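Only one structure is covered here, and it is reproduced in the block below.
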Amino acid sequence: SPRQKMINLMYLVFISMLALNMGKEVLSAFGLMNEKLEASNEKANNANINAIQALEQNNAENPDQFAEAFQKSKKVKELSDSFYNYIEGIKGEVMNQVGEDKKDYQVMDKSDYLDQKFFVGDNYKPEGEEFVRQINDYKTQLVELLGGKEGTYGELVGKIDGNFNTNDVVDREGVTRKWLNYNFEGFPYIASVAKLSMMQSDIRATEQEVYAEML
Amino acid sequence: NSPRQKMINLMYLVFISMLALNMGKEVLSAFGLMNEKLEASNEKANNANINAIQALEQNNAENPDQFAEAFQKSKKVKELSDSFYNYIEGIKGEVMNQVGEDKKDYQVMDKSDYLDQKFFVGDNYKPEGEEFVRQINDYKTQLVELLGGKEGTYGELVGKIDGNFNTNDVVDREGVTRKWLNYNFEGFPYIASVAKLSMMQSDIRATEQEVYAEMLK
Amino acid sequence: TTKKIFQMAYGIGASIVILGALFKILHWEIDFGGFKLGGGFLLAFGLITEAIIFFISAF
Amino acid sequence: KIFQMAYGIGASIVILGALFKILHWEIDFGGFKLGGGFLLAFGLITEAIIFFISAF
Amino acid sequence: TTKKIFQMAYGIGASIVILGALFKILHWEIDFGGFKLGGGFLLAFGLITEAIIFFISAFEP
Amino acid sequence: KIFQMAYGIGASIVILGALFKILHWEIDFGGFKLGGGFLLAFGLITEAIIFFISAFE
Amino acid sequence: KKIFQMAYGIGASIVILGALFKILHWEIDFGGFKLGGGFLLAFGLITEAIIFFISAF
């Protein structure tokens with residue numbers, strides 16, 4: 001039986017290939033990316049605070065050309081902090097159910113908690129509606145402060161709208177899927193946390209770009 | 001024959017079809033979106049670095065007595081950084097050439113075939129895998145030697161770049177010691193490997209913008 | 001008597017399992033039967049078939 | 001009847017768990033979310049027990 | 001007399017699938033024609049062979 | 001007997017190690033943390049020993 | 001007859017010992033160069049493919 005000998009030998013070989021497949025720390029790339037996002041986020045937050053302080057002294061000495069610019073800077077800083085802290089709270093509520101070790105990225109692959117709070121059945125739960133509303137209101141109020149795709153920050157506003165979208169997106173096959181269902185449904189916890197921390201890095205980048213065009 | 005024989009060959013059938021077990025479409029979409037965001041932030045970072053180099057030009061032109069050393073160090077750092085960046089981009093483009101006509105179709109990448117046949121052979125590194133590891137270590141060494149290892153100037157930036165650009169053996173969650181390249185890229189989907197390479201490129205850009213941040217001060 | 005059809009079903013189902021695994025690895029979208037067949041459909045068909053014979057054979 | 005029934009049921013659950021794990025299927029019907037991990041566990045633990053018992 | 005054509009198919013398919021597993025595990029490259037044939041492609045060829053052997057094992061004495 | 005017993009225990013531990021590796025079950029008994037790697041190691045050692053011993057029969 | 005059975009047993013032991021070494025990432029060096037799991041896998045799988053090819057005729 002040249003076939004049974006093969007099976008009796010090679011089922012162990014295929015179990016070994018599967019064990020090597022499972023032993024790849026592919027999902028730890030999300031965790032390493034998240035660590036880098038956090039670090040770059042404190043770095044960019046410190047840069048933003050330094051720019052805010054700089055503008056503070058600039059209009060304290062010269063409240064003639066850009067005092068209202070500093071007022072707008074404070075308002076965007078507060079709105080950005082509110083959105084950042086909302087995302088931070090969502091990130092904490094999902095980082096509290098991975099285990100005692102917050103650096104064991106290989107087990108943060110369940111996705112069950114986050115899709116049980118953002119949406120029930122086929123539509124949004126009224127706290128997952130809150131996430132989408134927060135994204136949309138951040139985008140809208142920021143665009144109002146800067147000016148929508150015209151006047152000033154016109155290119156930046158267009159960059160902002162491409163970041164914090166909520167428009168329904170069509171997948172490869174062609175069905176039209178809602179934004180929050182596309183972006184966070186079925187994603188492992190560490191992938192969702194990495195995406196949220198990236199969404200915070202866009203908040204920091206957006207505000208540092210805003211203060212960049214204020215000197 | 002034997003029930004145990006039929007059950008071991010059922011396990012054969014089950015585990016040979018587990019060769020088709022990969023990351024889900026959501027993990028691959030997350031990796032592809034991370035790659036898009038990483039590439040956009042890398043282009044922004046490169047633009048910021050070019051602006052910093054131009055600012056160093058403007059400073060050194062007026063006062064070629066205190067900034068000339070800083071300018072020469074910064075320009076050589078840019079040479080090393082762009083050499084390593086272009087090497088990583090060459091590997092990254094070679095990986096992206098093997099995925100298909102649609103580049104943003106992340107669901108189908110998930111292969112890990114072209115890349116681990118150009119990095120590894122048996123239990124060793126294929127010459128280009130050793131070339132990659134040598135490039136990483138040479139970027140680490142030649143960047144440190146332009147600043148000073150753990151002492152003198154920049155203090156802790158050397159310690160940071162000695163943490164991002166390691167090739168030392170890493171211990172995984174089980175406790176077994178893994179070689180850096182085999183840990184980081186062996187068996188990884190194409191889109192995951194490309195995202196990780198773009199992460200390394202982001203480390204390059206962050207490192208060199210943090211160097212030029214210290215240049216101006 | 002009926003042991004011939006059990007092994008025939010197992011063989012054909014396992015062939016479909018292997019074909020579906022291969023099509024899912026290689027992302028092949030063979031279009032003959034109705035919609036786009038794909039590798040996932042072949043996996044589903046073969047694995048469900050194998051489960052059906054294994055459940056029936058338990059009695 | 002004592003070994004064949006459990007044998008076949010565990011084999012079918014192993015197959016279904018493998019299918020769910022490979023295709024990432026989420027079929028749930030209230031109270032519990034089946035998934036592929038649970039079915040794979042329920043089948044492979046059963047098969048390990050059958051292996052160990054038939055060893056003796 | 002047809003038991004010797006199944007033995008040939010069984011043995012040759014076993015060799016092909018084992019060699020495909022070997023080349024997939026060790027990242028080897030055999031160069032005999034066309035492309036470099038990789039090890040992933042050889043795993044795919046081993047899977048084609050295993051599917052064919054599974055099919056032709058349904059119809060045997 | 002022993003050549004039909006170690007078969008069963010080795011197969012059982014191989015299956016259990018495969019399961020623990022798939023599910024990332026890291027049960028901690030007295031001393032060290034077991035994990036699926038140890039179970040695969042023990043099952044594979046058992047299979048290697050009987051494949052070697054059964055060669056000379 | 002006996003040569004093929006002995007070769008199958010020994011090659012299977014070697015290949016799954018190499019699978020064990022690759023699983024645990026061992027580099028056991030008792031003689032010569034670094035053995036590794038890749039070398040044992042190659043040796044065992046080659047001597048198994050050869051045996052199965054010849055046994056087909």
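Identifiers in the structure tokens: chain A, B, ... in order shown; residue index from 1 per chain; ligand index from 1 in order shown.
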- [ ] For range 35-47 of chain E, list every protein, DNA or RNA residue within 12 Å, evaluated using only C-alpha atoms, and leave out those in the same chain fewer than 3 positions away; present the list as a PyMOL selection string.
- [x] (chain A and resi 14) or (chain B and resi 13+16-17+19-20+111-118+120-122+187) or (chain C and resi 14-27) or (chain E and resi 12-32+50-54)
Can you check which parts of chain A lie within 10 Å of chain F? Per residue, the shortest pair of atoms and distance in Å to one decimal, counting only C-alpha atoms, sorted by chain and number, as a tab-separated table.
```
residue	atom	partner	partner_atom	distance
A:9	CA	F:51	CA	9.1
A:12	CA	F:44	CA	7.8
A:13	CA	F:44	CA	9.9
A:15	CA	F:18	CA	6.7
A:16	CA	F:18	CA	8.4
A:18	CA	F:18	CA	8.0
A:19	CA	F:21	CA	6.3
A:20	CA	F:21	CA	9.2
A:21	CA	F:22	CA	9.3
A:22	CA	F:22	CA	6.3
A:23	CA	F:21	CA	7.6
A:106	CA	F:24	CA	8.2
A:107	CA	F:24	CA	7.0
```
Task: Surrounding residues of residue 55 in chain B excluding itself and chain neighbours under 2 positions, 12 Å, only C-alpha atoms, as a PyMOL selection string - done: chain B and resi 48-53+57-62+67+70-71+74+212-213+215-217
Could you take the residues named above and write them with N, CA, C and O atoms, as a compact mmCIF listing (two decimals), in the first residue's frame?
```txt
# COMPACT_ATOMS: atom_id res chain seq x y z
N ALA B 48 8.56 66.43 4.42
CA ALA B 48 9.02 67.16 5.59
C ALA B 48 10.54 67.09 5.73
O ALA B 48 11.18 68.06 6.11
N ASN B 49 11.12 65.92 5.43
CA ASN B 49 12.57 65.77 5.51
C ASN B 49 13.27 66.63 4.47
O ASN B 49 14.32 67.22 4.74
N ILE B 50 12.72 66.69 3.26
CA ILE B 50 13.29 67.55 2.23
C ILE B 50 13.20 69.01 2.65
O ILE B 50 14.14 69.79 2.45
N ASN B 51 12.08 69.40 3.27
CA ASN B 51 11.96 70.76 3.78
C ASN B 51 12.99 71.03 4.87
O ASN B 51 13.56 72.12 4.94
N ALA B 52 13.23 70.05 5.75
CA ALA B 52 14.23 70.22 6.80
C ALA B 52 15.63 70.37 6.20
O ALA B 52 16.43 71.18 6.68
N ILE B 53 15.94 69.59 5.16
CA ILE B 53 17.24 69.71 4.51
C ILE B 53 17.38 71.07 3.85
O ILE B 53 18.45 71.69 3.88
N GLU B 57 20.09 73.97 4.57
CA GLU B 57 20.75 74.75 3.53
C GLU B 57 20.67 76.24 3.82
O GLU B 57 21.69 76.95 3.76
N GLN B 58 19.47 76.74 4.12
CA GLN B 58 19.30 78.16 4.37
C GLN B 58 20.11 78.62 5.57
O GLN B 58 20.69 79.72 5.56
N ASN B 59 20.17 77.80 6.62
CA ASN B 59 20.95 78.16 7.80
C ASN B 59 22.44 78.15 7.50
O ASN B 59 23.16 79.10 7.85
N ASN B 60 22.93 77.09 6.86
CA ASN B 60 24.36 76.95 6.63
C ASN B 60 24.89 77.96 5.63
O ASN B 60 26.06 78.35 5.70
N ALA B 61 24.05 78.39 4.68
CA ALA B 61 24.51 79.37 3.70
C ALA B 61 24.90 80.69 4.37
O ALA B 61 25.90 81.31 4.00
N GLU B 62 24.11 81.12 5.36
CA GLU B 62 24.41 82.38 6.04
C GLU B 62 25.59 82.24 6.98
O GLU B 62 26.45 83.13 7.04
N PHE B 67 27.20 75.45 11.29
CA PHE B 67 26.23 74.51 10.74
C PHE B 67 26.82 73.60 9.67
O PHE B 67 26.14 72.67 9.24
N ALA B 70 26.97 70.09 10.87
CA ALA B 70 25.60 69.59 10.94
C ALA B 70 25.04 69.33 9.55
O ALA B 70 24.38 68.31 9.33
N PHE B 71 25.30 70.23 8.60
CA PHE B 71 24.81 70.03 7.24
C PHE B 71 25.42 68.79 6.60
O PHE B 71 24.72 68.01 5.95
N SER B 74 23.91 65.75 8.10
CA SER B 74 22.53 65.57 7.66
C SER B 74 22.46 65.05 6.23
O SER B 74 21.64 64.18 5.92
N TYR B 212 17.12 65.39 11.79
CA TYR B 212 17.08 66.78 11.33
C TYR B 212 16.34 67.68 12.31
O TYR B 212 16.55 68.89 12.29
N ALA B 213 15.47 67.12 13.15
CA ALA B 213 14.90 67.91 14.23
C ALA B 213 15.98 68.36 15.20
O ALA B 213 15.96 69.51 15.67
N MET B 215 19.13 68.63 14.33
CA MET B 215 20.03 69.49 13.57
C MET B 215 19.69 70.96 13.77
O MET B 215 20.58 71.78 14.05
N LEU B 216 18.42 71.31 13.62
CA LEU B 216 18.02 72.72 13.67
C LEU B 216 18.29 73.32 15.05
O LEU B 216 18.76 74.46 15.15
N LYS B 217 18.01 72.57 16.11
CA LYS B 217 18.26 73.05 17.46
C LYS B 217 19.75 73.01 17.79
O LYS B 217 20.51 73.89 17.39
```
Open item on the list: Which residues are near range 5-7 of chain D? Cut-off 12 Å, only C-alpha atoms, ignore same chain within fewer than 4 positions. Put them as a list in words.
Closed with: residues 3, 4, 6, 7, 8 and 10 of chain B; 54, 55, 56, 57, 58 and 59 of chain C; 1, 11, 12, 13, 14, 42, 43, 44, 45, 46, 47, 48, 49, 50, 51, 53 and 54 of chain D
Pull N, CA, C and O atoms from the residues just selected and write them as a compact mmCIF listing (two decimals), in the first residue's frame.
```
# COMPACT_ATOMS: atom_id res chain seq x y z
N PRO B 3 -10.46 1.38 12.32
CA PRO B 3 -11.05 2.71 12.52
C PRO B 3 -10.00 3.79 12.74
O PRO B 3 -10.19 4.93 12.31
N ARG B 4 -8.89 3.45 13.39
CA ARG B 4 -7.82 4.41 13.60
C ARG B 4 -7.16 4.79 12.28
O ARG B 4 -6.75 5.94 12.10
N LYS B 6 -8.72 4.86 9.24
CA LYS B 6 -9.62 5.82 8.61
C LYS B 6 -9.61 7.16 9.33
O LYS B 6 -9.77 8.20 8.69
N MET B 7 -9.39 7.17 10.64
CA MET B 7 -9.41 8.46 11.30
C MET B 7 -8.13 9.25 11.07
O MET B 7 -8.17 10.48 10.94
N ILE B 8 -6.98 8.57 10.97
CA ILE B 8 -5.76 9.29 10.65
C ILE B 8 -5.79 9.77 9.20
O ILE B 8 -5.25 10.83 8.88
N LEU B 10 -8.61 10.65 7.66
CA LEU B 10 -9.48 11.82 7.76
C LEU B 10 -8.72 13.03 8.26
O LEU B 10 -8.92 14.14 7.75
N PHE C 54 -19.66 11.13 6.70
CA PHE C 54 -19.17 10.73 8.01
C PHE C 54 -20.28 10.66 9.05
O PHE C 54 -20.25 9.80 9.93
N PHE C 55 -21.28 11.55 8.95
CA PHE C 55 -22.42 11.48 9.85
C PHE C 55 -23.28 10.26 9.56
O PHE C 55 -23.73 9.58 10.49
N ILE C 56 -23.52 9.96 8.28
CA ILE C 56 -24.35 8.82 7.92
C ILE C 56 -23.67 7.52 8.33
O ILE C 56 -24.31 6.60 8.85
N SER C 57 -22.35 7.42 8.12
CA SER C 57 -21.60 6.22 8.45
C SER C 57 -21.54 5.95 9.95
O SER C 57 -21.16 4.84 10.34
N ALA C 58 -21.91 6.92 10.79
CA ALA C 58 -21.93 6.70 12.22
C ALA C 58 -23.07 5.79 12.66
O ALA C 58 -23.11 5.41 13.84
N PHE C 59 -23.98 5.44 11.76
CA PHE C 59 -25.12 4.61 12.11
C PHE C 59 -25.16 3.35 11.25
O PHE C 59 -24.16 2.97 10.64
N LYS D 1 -21.29 0.61 17.89
CA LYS D 1 -22.39 1.46 18.33
C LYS D 1 -21.92 2.39 19.45
O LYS D 1 -22.40 3.52 19.57
N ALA D 11 -16.01 12.97 13.82
CA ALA D 11 -15.43 13.22 12.50
C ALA D 11 -16.20 14.28 11.74
O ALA D 11 -15.61 15.17 11.11
N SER D 12 -17.53 14.21 11.78
CA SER D 12 -18.35 15.21 11.10
C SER D 12 -18.15 16.59 11.71
O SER D 12 -18.08 17.60 11.00
N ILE D 13 -18.06 16.66 13.04
CA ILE D 13 -17.82 17.95 13.69
C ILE D 13 -16.43 18.48 13.35
O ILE D 13 -16.24 19.68 13.17
N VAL D 14 -15.44 17.59 13.25
CA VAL D 14 -14.10 18.00 12.84
C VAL D 14 -14.14 18.60 11.44
O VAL D 14 -13.54 19.65 11.18
N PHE D 42 -14.49 20.97 19.73
CA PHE D 42 -15.43 19.91 20.07
C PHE D 42 -15.15 18.63 19.29
O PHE D 42 -15.39 17.53 19.80
N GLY D 43 -14.63 18.75 18.08
CA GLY D 43 -14.31 17.56 17.31
C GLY D 43 -12.96 16.97 17.65
O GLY D 43 -12.84 15.75 17.81
N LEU D 44 -11.93 17.81 17.77
CA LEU D 44 -10.58 17.31 17.97
C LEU D 44 -10.38 16.80 19.39
O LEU D 44 -9.65 15.82 19.59
N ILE D 45 -10.99 17.43 20.40
CA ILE D 45 -10.94 16.86 21.75
C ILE D 45 -11.62 15.50 21.78
O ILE D 45 -11.12 14.55 22.39
N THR D 46 -12.77 15.39 21.11
CA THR D 46 -13.46 14.11 21.05
C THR D 46 -12.60 13.06 20.36
O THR D 46 -12.54 11.90 20.81
N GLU D 47 -11.91 13.43 19.29
CA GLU D 47 -11.07 12.47 18.59
C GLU D 47 -9.84 12.10 19.42
O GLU D 47 -9.40 10.95 19.38
N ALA D 48 -9.28 13.05 20.16
CA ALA D 48 -8.18 12.73 21.05
C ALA D 48 -8.63 11.74 22.13
O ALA D 48 -7.91 10.79 22.45
N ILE D 49 -9.83 11.95 22.68
CA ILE D 49 -10.35 11.03 23.68
C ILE D 49 -10.57 9.65 23.08
O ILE D 49 -10.27 8.63 23.71
N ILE D 50 -11.12 9.60 21.86
CA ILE D 50 -11.34 8.30 21.22
C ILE D 50 -10.02 7.60 20.95
O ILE D 50 -9.89 6.39 21.15
N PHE D 51 -9.02 8.34 20.47
CA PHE D 51 -7.69 7.78 20.27
C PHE D 51 -7.14 7.19 21.56
O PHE D 51 -6.68 6.04 21.59
N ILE D 53 -8.71 6.28 24.29
CA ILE D 53 -9.50 5.16 24.80
C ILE D 53 -9.24 3.90 23.99
O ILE D 53 -9.06 2.81 24.55
N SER D 54 -9.20 4.02 22.66
CA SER D 54 -8.91 2.86 21.83
C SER D 54 -7.47 2.40 21.95
O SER D 54 -7.16 1.27 21.58
```
Task: Among listed residues C:38, C:1, C:6, C:11, nearest chain E (using only C-alpha atoms) - done: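 The closest residue to chain E is C:11.
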Taking only C-alpha atoms into account, produce a table as a tab-separated table in which each residue of chain A with an atom at most 9 Å from an atom of chain E appears once, together with its shortest atom pair and the distance in Å to one decimal, ordered by chain and rising number.
```
residue	atom	partner	partner_atom	distance
A:1	CA	E:7	CA	8.1
A:2	CA	E:11	CA	5.7
A:3	CA	E:10	CA	5.8
A:6	CA	E:14	CA	6.3
A:7	CA	E:14	CA	8.9
A:10	CA	E:18	CA	7.7
A:13	CA	E:21	CA	8.3
A:14	CA	E:21	CA	8.4
A:17	CA	E:25	CA	7.6
```
Selected residues written out with N, CA, C and O atoms, as a PDB file, in the first residue's frame:
```pdb
ATOM      1  N   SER A   1       0.826  -1.200   0.000  1.00  0.00           N
ATOM      2  CA  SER A   1       0.000   0.000   0.000  1.00  0.00           C
ATOM      3  C   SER A   1       0.864   1.254   0.000  1.00  0.00           C
ATOM      4  O   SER A   1       1.178   1.795   1.057  1.00  0.00           O
ATOM      5  N   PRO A   2       1.246   1.721  -1.192  1.00  0.00           N
ATOM      6  CA  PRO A   2       2.082   2.927  -1.275  1.00  0.00           C
ATOM      7  C   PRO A   2       1.330   4.207  -0.970  1.00  0.00           C
ATOM      8  O   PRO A   2       1.963   5.263  -0.862  1.00  0.00           O
ATOM      9  N   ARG A   3       0.007   4.150  -0.830  1.00  0.00           N
ATOM     10  CA  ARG A   3      -0.783   5.324  -0.488  1.00  0.00           C
ATOM     11  C   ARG A   3      -0.973   5.462   1.016  1.00  0.00           C
ATOM     12  O   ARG A   3      -0.931   6.577   1.545  1.00  0.00           O
ATOM     13  N   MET A   6       2.197   6.785   2.669  1.00  0.00           N
ATOM     14  CA  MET A   6       2.221   8.228   2.481  1.00  0.00           C
ATOM     15  C   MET A   6       1.360   8.957   3.496  1.00  0.00           C
ATOM     16  O   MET A   6       1.789   9.952   4.075  1.00  0.00           O
ATOM     17  N   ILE A   7       0.119   8.514   3.678  1.00  0.00           N
ATOM     18  CA  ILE A   7      -0.784   9.232   4.565  1.00  0.00           C
ATOM     19  C   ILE A   7      -0.277   9.158   5.998  1.00  0.00           C
ATOM     20  O   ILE A   7      -0.188  10.175   6.699  1.00  0.00           O
ATOM     21  N   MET A  10       2.695  11.583   6.135  1.00  0.00           N
ATOM     22  CA  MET A  10       2.524  12.970   5.744  1.00  0.00           C
ATOM     23  C   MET A  10       1.406  13.684   6.483  1.00  0.00           C
ATOM     24  O   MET A  10       1.324  14.910   6.390  1.00  0.00           O
ATOM     25  N   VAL A  13       3.393  15.565   8.770  1.00  0.00           N
ATOM     26  CA  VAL A  13       4.079  16.654   8.083  1.00  0.00           C
ATOM     27  C   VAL A  13       3.125  17.816   7.838  1.00  0.00           C
ATOM     28  O   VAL A  13       3.498  18.983   7.987  1.00  0.00           O
ATOM     29  N   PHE A  14       1.874  17.519   7.483  1.00  0.00           N
ATOM     30  CA  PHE A  14       0.907  18.586   7.245  1.00  0.00           C
ATOM     31  C   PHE A  14       0.450  19.239   8.542  1.00  0.00           C
ATOM     32  O   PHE A  14       0.194  20.447   8.566  1.00  0.00           O
ATOM     33  N   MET A  17       3.221  21.634   9.109  1.00  0.00           N
ATOM     34  CA  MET A  17       3.041  22.831   8.291  1.00  0.00           C
ATOM     35  C   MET A  17       1.965  23.738   8.869  1.00  0.00           C
ATOM     36  O   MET A  17       2.113  24.964   8.869  1.00  0.00           O
TER      37      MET A  17
END
```
- [ ] Would you please extract all alpha helix (DSSP H) residues from chain F, as assigned by DSSP on the backbone, and give them as a PyMOL selection string?
- [x] chain F and resi 2-23+35-53
Do you have, as JSON lines, the list of residues of chain F lying at most 10 Å from chain G, each with its nearest atom pair and that distance in Å to one decimal, counting only C-alpha atoms and ordered by chain then number?
```
{"residue": "F:37", "atom": "CA", "partner": "G:24", "partner_atom": "CA", "distance": 7.2}
{"residue": "F:38", "atom": "CA", "partner": "G:24", "partner_atom": "CA", "distance": 8.7}
{"residue": "F:40", "atom": "CA", "partner": "G:20", "partner_atom": "CA", "distance": 7.8}
{"residue": "F:41", "atom": "CA", "partner": "G:20", "partner_atom": "CA", "distance": 6.0}
{"residue": "F:42", "atom": "CA", "partner": "G:20", "partner_atom": "CA", "distance": 9.0}
{"residue": "F:43", "atom": "CA", "partner": "G:20", "partner_atom": "CA", "distance": 9.3}
{"residue": "F:44", "atom": "CA", "partner": "G:20", "partner_atom": "CA", "distance": 6.2}
{"residue": "F:45", "atom": "CA", "partner": "G:17", "partner_atom": "CA", "distance": 7.0}
{"residue": "F:46", "atom": "CA", "partner": "G:13", "partner_atom": "CA", "distance": 9.8}
{"residue": "F:47", "atom": "CA", "partner": "G:13", "partner_atom": "CA", "distance": 7.5}
{"residue": "F:48", "atom": "CA", "partner": "G:13", "partner_atom": "CA", "distance": 4.4}
{"residue": "F:49", "atom": "CA", "partner": "G:13", "partner_atom": "CA", "distance": 7.0}
{"residue": "F:50", "atom": "CA", "partner": "G:13", "partner_atom": "CA", "distance": 8.1}
{"residue": "F:51", "atom": "CA", "partner": "G:9", "partner_atom": "CA", "distance": 5.1}
{"residue": "F:52", "atom": "CA", "partner": "G:13", "partner_atom": "CA", "distance": 5.5}
{"residue": "F:53", "atom": "CA", "partner": "G:9", "partner_atom": "CA", "distance": 7.9}
{"residue": "F:54", "atom": "CA", "partner": "G:9", "partner_atom": "CA", "distance": 6.7}
{"residue": "F:55", "atom": "CA", "partner": "G:9", "partner_atom": "CA", "distance": 4.4}
{"residue": "F:56", "atom": "CA", "partner": "G:6", "partner_atom": "CA", "distance": 6.4}
{"residue": "F:57", "atom": "CA", "partner": "G:6", "partner_atom": "CA", "distance": 8.6}
```
TODO: Please identify all polymer residues within 7 Å of residue 189 in chain A, counting only C-alpha atoms, omitting same-chain residues fewer than 4 positions from it, and present them as an MDAnalysis selection string.
DONE: chainID A and resid 94 108:111 193
Put those residues in a file: C-alpha atoms, as a short mmCIF file (atom, residue, chain, number, x, y, z; two decimals), in the first residue's frame.
```
data_model
loop_
_atom_site.label_atom_id
_atom_site.label_comp_id
_atom_site.auth_asym_id
_atom_site.auth_seq_id
_atom_site.Cartn_x
_atom_site.Cartn_y
_atom_site.Cartn_z
CA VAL A 94 -11.61 47.00 23.60
CA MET A 108 -6.25 39.50 20.22
CA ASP A 109 -8.08 37.99 17.24
CA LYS A 110 -11.66 37.50 18.39
CA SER A 111 -13.59 40.57 17.11
CA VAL A 193 -7.04 49.09 17.80
#
```
Open item on the list: For the strand (DSSP E or B) assignment from backbone DSSP, which residues of range 81-182 of chain A qualify? Please present them as number ranges by chain.
Closed with: A: 119-120, 123-124, 169-170, 176-177
Please write the residues from the selection above to a file, keeping C-alpha atoms, as a tab-separated table (two decimals), in the first residue's frame.
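Dumped to part.tsv:
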```
chain	number	residue	atom	x	y	z
A	119	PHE	CA	-24.15	47.46	15.34
A	120	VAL	CA	-26.93	44.92	15.94
A	123	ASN	CA	-28.02	48.45	11.32
A	124	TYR	CA	-26.14	50.52	13.87
A	169	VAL	CA	-18.39	51.92	0.04
A	170	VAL	CA	-18.77	49.17	-2.55
A	176	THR	CA	-22.92	48.57	-1.17
A	177	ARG	CA	-21.76	48.24	2.44
```
